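Here is how names work: the chains are called A, B, and so on, in the same order as the sequence lines, proteins then strands, and each is numbered from 1.
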Amino acid sequence: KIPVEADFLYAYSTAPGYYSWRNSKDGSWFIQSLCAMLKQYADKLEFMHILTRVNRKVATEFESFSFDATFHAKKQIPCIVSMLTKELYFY
Amino acid sequence: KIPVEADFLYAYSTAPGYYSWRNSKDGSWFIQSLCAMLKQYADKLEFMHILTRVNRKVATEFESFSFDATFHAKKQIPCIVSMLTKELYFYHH
Amino acid sequence: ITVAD
Amino acid sequence: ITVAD
Amino acid sequence: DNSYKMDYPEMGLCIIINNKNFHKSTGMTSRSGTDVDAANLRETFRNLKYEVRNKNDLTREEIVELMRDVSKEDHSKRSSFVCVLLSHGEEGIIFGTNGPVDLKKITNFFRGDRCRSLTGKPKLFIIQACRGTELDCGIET
Amino acid sequence: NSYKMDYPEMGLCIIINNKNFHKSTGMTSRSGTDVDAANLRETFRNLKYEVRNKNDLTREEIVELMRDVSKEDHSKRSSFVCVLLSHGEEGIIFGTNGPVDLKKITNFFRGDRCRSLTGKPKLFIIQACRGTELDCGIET
């Protein structure tokens with residue numbers, strides 16, 4: 001018998017309570033980075049470690065540019081929520 | 001710069017909204033399993049993979065025993081919430 | 001013997 | 001050109 | 001086993017719900033750039049051998065119905081399940097084109113007791129949406 | 001890549017072990033938690049953490065302890081670990097005399113508030129209920 005909530009993974013773009021940022025022509029920071037890290041590492045790394053690279057890419061390489069000072073120079077950290085019971089390899 | 005919420009890891013004993021179970025003699029399922037997995041794997045596995053083994057141990061090996069049918073035969077899955085930006089290895093070299 | 005937290 | 005979601 | 005079994009005949013489904021244009025009754029700005037996200041996801045998950053199903057501008061009721069229908073499919077031959085939500089949101093909430101939907105309502109169709117052909121298999125939900133209105137001003141390092 | 005764990009010290013491991021609650025909270029004593037705290041003490045001692053065990057703290061004592069620890073100089077420490085053993089609800093941990101929001105505890109260690117832990121892993125291990133839902137499980 002296993003829990004009914006077992007074996008879910010929720011990869012959120014941003015921390016609880018926070019805004020999530022999107023570039024009006026290149027796409028959301030999170031999906032951009034997720035696709036980049038999957039393309040680069042889905043044949044080398046376990047999924048949680050891929051998502052950790054995504055966390056780092058969003059956290060370090062992105063900062064908001066807005067003509068409205070309220071929304072300018074803002075930052076973002078994604079939020080990995082894992083109820084998985086095993087490692088996940090795409091290869 | 002970096003987000004002020006980055007580099008936090010919240011290792012919850014249970015899924016959002018749910019009870020967490022504790023054996024009145026042996027301790028909470030989650031902490032028992034966490035200590036066992038760290039003792040076994042702290043010198044071989046990255047922290048997330050250790051916590052994933054804690055997830056499996058709690059999910060598969062524990063079921064509640066209660067004299068009150070409402071709390072009997074229940075199950076638990078822990079919940080790893082990571083805002084970490086790097087892998088975490090306890091050992092060195 | 002199992003109780004909730 | 002950064003906006004909120 | 002320490003690793004999920006990933007050699008079923010099929011990797012599984014990858015559902016992409018891409019909500020760009022919202023009802024005038026909501027007042028929500030159009031989500032420029034989301035099409036770029038959906039196309040990136042379609043291509044990324046194609047290279048991982050997922051069956052990608054792109055869905056565009058669904059109402060709150062179309063999302064629930066879509067999710068209900070997919071959860072009643074036979075996933076016995078599939079290794080995993082992926083769902084990607086691109087929309088506006090709040091904490092615990094995703095927006096259809098016409099209003100909010102509880103995320104819990106979506107994911108509940110795939111619980112281990114409700115979607116038996118996915119029991120023991122990885123169910124991944126990727127959520128691009130705000131979770132509130134807090135602002136991270138960061139810290140210089 | 002990976003966090004630098006070869007600073008002089010692994011860091012602090014704070015264990016808040018709440019067993020006995022004032023019965024005006026309505027909460028019962030948490031038998032078995034002492035076994036948890038001792039197991040945690042030994043486990044993190046083997047990992048070379050300086051373990052600080054705290055027992056039956058009020059919510060004011062929790063807030064004050066976390067504030068004081070966040071104001072220490074962690075410059076020579078690789079990380080920070082905090083273990084909370086208590087009753088709880090979603091977003092909430094109980095002191096011996098009532099609840100306190102988890103976000104208030106963790107906000108002390110934010111990257112802009114605890115500068116000597118900036119860029120370093122901050123681990124919070126939370127043994128507490130998060131609500132009253134029950135997982136009846138599913139047989140395979």
Side-chain angles (χ1 to χ4, degrees), chain A residues 11-34 51-81, chain B residues 1-10 81-86, chain D, chain E residues 29 31-33 88-93 127-139 141, chain F residues 3 63 66-67 69-75 79-80 82 91 101-124:
Chain A
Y12 294 100
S13 65
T14 193
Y18 281 84
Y19 279 116
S20 183
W21 301 103
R22 178 177 28 91
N23 182 288
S24 53
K25 84 169 188 301
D26 291 343
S28 69
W29 301 355
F30 178 61
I31 297 305
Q32 268 182 267
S33 305
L34 176 63
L51 287 178
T52 300
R53 311 264 158 133
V54 174
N55 280 8
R56 181 154 82 260
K57 185 164 169 78
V58 173
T60 61
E61 312 189 354
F62 287 88
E63 188 179 287
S64 71
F65 181 85
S66 176
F67 298 135
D68 174 344
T70 314
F71 296 131
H72 178 68
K74 300 308 188 195
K75 303 284 291 179
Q76 184 173 321
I77 178 68
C79 178
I80 311 165
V81 180
Chain B
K1 47 199 261 214
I2 64 169
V4 298
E5 301 277 4
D7 302 312
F8 282 86
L9 183 292
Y10 311 91
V81 179
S82 180
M83 281 85 132
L84 295 183
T85 58
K86 311 181 173 335
Chain D
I1 76 169
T2 304
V3 284
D5 258 344
Chain E
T29 309
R31 297 183 59 254
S32 324
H88 172 72
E90 328 173 311
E91 185 58 54
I93 315 297
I127 306 97
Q128 168 57 52
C130 307
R131 302 178 69 189
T133 62
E134 260 161 272
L135 293 166
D136 199 323
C137 298
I139 181 69
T141 28
Chain F
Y3 290 111
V63 171
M66 295 291 110
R67 184 183 280 120
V69 167
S70 75
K71 289 174 334 213
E72 302 190 7
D73 177 28
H74 300 262
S75 284
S79 57
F80 174 72
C82 175
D101 309 303
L102 285 164
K103 201 79 172 134
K104 171 180 194 160
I105 301 167
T106 62
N107 274 350
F108 287 123
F109 300 86
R110 256 159 60 151
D112 58 335
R113 319 217 155 150
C114 182
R115 292 289 251 289
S116 65
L117 285 176
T118 307
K120 295 172 178 174
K122 294 165 273 288
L123 315 188
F124 289 85

S.K.: Who passes side-chain hydrogen bond (donor to acceptor under 3.5 Å, both in side chains) against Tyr12(A), sequence neighbours left out?
M.R.: none
S.K.: Could you measure the distance from the CZ atom of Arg31(E) to the CD atom of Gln128(E)? Nearest 0.5 Å is fine.
M.R.: 6.0 Å
S.K.: Going by heavy atoms in the side chains, are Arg113(F) and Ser70(F) under 4.5 Å from each other?
M.R.: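 No - every pair of side-chain heavy atoms lies 4.5 Å or more apart.
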S.K.: Salt bridge or not between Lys103(F) and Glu5(B)? Use side-chain N to carboxylate O under 4.0 Å.
M.R.: yes
S.K.: A side-chain contact here means heavy atoms from C-beta on lying under 4.5 Å apart; do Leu135(E) and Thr70(A) qualify?
M.R.: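 Side chain of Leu135(E) against side chain of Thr70(A), heavy atoms only: contact under 4.5 Å found.
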S.K.: For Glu72(F), which residues count as a salt bridge (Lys or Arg N to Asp or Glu O under 4.0 Å) partner, sequence neighbours excluded?
M.R.: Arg52(F), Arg77(F)
S.K.: Using atom types as modelled and distance alone, determine if a side-chain donor or acceptor of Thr52(A) lies under 3.5 Å from a backbone N or O of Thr85(B).
M.R.: no
S.K.: Is there side-chain contact between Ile139(E) and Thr118(F), with heavy atoms separated by less than 4.5 Å?
M.R.: yes
S.K.: Could you give the distance from OG (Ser28(A)) to CZ (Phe62(A)), rounded to the nearest 0.5 Å?
M.R.: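 The OG atom of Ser28(A) sits 8.5 Å away from the CZ atom of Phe62(A).
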S.K.: Main chain of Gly17(A), side chain of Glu91(E): is a donor-acceptor contact present, judged purely on distance under 3.5 Å?
M.R.: yes
S.K.: Between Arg22(A) (side chain) and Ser32(E) (backbone), is there a donor-acceptor pair under 3.5 Å?
M.R.: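 It does hold such a pair.
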S.K.: Run the side chain to side chain contact (heavy atoms under 4.5 Å, CB included) test against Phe65(A) and tell me which residues pass, sequence neighbours left out.
M.R.: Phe67(A), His72(A), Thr2(D)
S.K.: Where is the tightest heavy-atom contact between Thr14(A) and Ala129(E), given as atom of each residue plus distance?
M.R.: CG2-O, 3.9 Å
S.K.: Looking only at side chains, do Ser75(F) and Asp73(F) share a donor and an acceptor under 3.5 Å apart?
M.R.: yes
S.K.: Could you check if a side-chain atom of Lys57(A) sits within less than 4.5 angstrom of a side-chain atom of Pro78(A), using non-hydrogen atoms only?
M.R.: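 With C-beta onward as the side chain, the pair stays apart.
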S.K.: With a 4.5 Å heavy-atom cut-off, do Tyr3(F) and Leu84(B) have their side chains touching?
M.R.: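 Yes, close enough: below the 4.5 Å cut-off.
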S.K.: Are the side chains of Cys137(E) and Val4(B) in contact, using a 4.5 Å heavy-atom criterion?
M.R.: no
S.K.: Any idea which heavy atoms bring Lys120(F) and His74(F) closest together, and the distance?
M.R.: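 Nearest heavy atoms, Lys120(F) then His74(F): NZ-O, 2.7 Å.
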